[PDB]
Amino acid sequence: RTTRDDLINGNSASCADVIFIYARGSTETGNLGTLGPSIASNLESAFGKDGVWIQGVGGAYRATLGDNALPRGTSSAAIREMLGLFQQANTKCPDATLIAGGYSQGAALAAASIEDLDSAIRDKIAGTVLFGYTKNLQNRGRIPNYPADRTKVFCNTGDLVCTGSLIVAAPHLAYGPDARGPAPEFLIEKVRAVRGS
């Protein structure tokens, strides 16, 4: 459901081929919130339940609404949490292909963490999806230090956070269809591009 800790819980003698690290939006529950479970179910269908590990960003990431106003669009403690999960993936399962995503504050968090990541780990992230990306205007639709071809941004018309504001309007809450279809589609395609079939 809304909490998945497959990387933390997983046996390193039986690593998955694909590890997905996902950060939820402000005020959302568990470590996957509203969109993450939808993405996860579609990744399990493509790779098999034992072929993919789903890991939400929990721990120090409290998804507090006010932290959207901080410099990087989230807290330093949250960035450290997400960086630590990428590092854990790299150490536990060195041969796994990584994929990532985030919604709202979680999109800012994914972007900041990927910017700060050691390059050798960053380069293992085959694709990243961002919904309601609160730094979309500021970062010109990119994740710093990360290629555009591996990035997919979902920013609805009328979602004010995508145009430089912090006001939450109805289109910000309308990413369900993207999470069910085009987002997992993109992630699956980017994994298959590097792993084959």
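All residue numbers are counted from 1 along the displayed sequence.
When 164-172 is weighed against 61-69, 164-172 comes out higher, by mean CA B-factor as recorded in the entry.
Mean C-alpha B-factor is higher over 12-20 than over the other stretch, the pair under comparison being 174-182 and 12-20. Looking only at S104, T91, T97, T74, the residue with the top Cα B factor in the deposited structure is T91. Highest CA B-factor among the listed residues (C155, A46, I54, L32): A46. Remark: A120 belongs to the highest third of its chain, ranked by C-alpha B-factor as recorded.
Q138: CA B factor in the highest third of modelled residues in this chain (values from the PDB entry). Annotation for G132: CA B-factor lies in the lowest third of the chain's modelled residues. When the modelled residues of the chain are ordered by C-alpha B-factor, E28 sits in the lowest third.
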